[PDB]
Each structure stands twice: as structure tokens, then as C-alpha cells.
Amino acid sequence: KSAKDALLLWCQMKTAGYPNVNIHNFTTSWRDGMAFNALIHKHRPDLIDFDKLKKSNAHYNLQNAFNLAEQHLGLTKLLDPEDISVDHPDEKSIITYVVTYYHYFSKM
């Protein structure tokens, strides 16, 4: 629990002030893809025109973050957009992938 709470807080603090990002959990807060894009943008703003993204386009947003993180950051695409854009995606799968972002952006 302390580790999960710490990871949640890390995500909230990195994405503070991003419009249309509201991270309160490791499931529905992630299903529209905006939060993944905000985490990448905070560290690599060269990779995303965040202002262009809209919550309604879950598949586009998810694929955008997953593909950019694979191609430019070397982070394997553990998640499929179709699995994540459901109403109630799986917490463990999302945490495993977010931990890869946390380790990458927190080291180097």
C-alpha cells in the first residue's frame, strides 16, 4: 500500500496543472490516455503537443503514448489500447506499466 500510494502521488505531482488529467486511481483515471501522455510530456515535451489531445479519443491517446514511449524511450508496450479503453480496466496491468515510466523518468 505505501508503494502504491507513493506511485499514485508521484503521478499526481508530475501531472499537476495539466488540463483534463485527473488521477485518483490506477484504473478509470487512465482509460482515456490523457494521463499517460501528460507523464511523457512533463519529461519530454518535444514528443507531444498536449494541447491537441481530447479525452474523448481514448484509442488515439493511448496508442500515441504507448508508441512514443516504445519508439523514443525504449519502454515496451505492455498494454493494448483496446484493453485499457474499457470502462473498468485492470489495475495491476496499469500499475506494472506506470512503474516502468516511474523508473525511467526517475533514473537518468
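From 1 onward, residues are counted along the sequence shown.
Between 82-90 and 8-16, it is 82-90 that carries the larger average Cα temperature factor according to the deposited entry.
The PDB entry records a higher mean C-alpha B factor for 17-25 than for its counterpart among 17-25 and 94-102. Compared with the other modelled residues of the chain, the Cα B-factor recorded for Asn61 ranks in the lowest third. Ranked against the other modelled residues of its chain, the C-alpha B-factor of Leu39 as given in the entry falls in the lowest third. In the deposited entry, the Cα temperature factor of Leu73 places it in the middle third of its chain's modelled residues.
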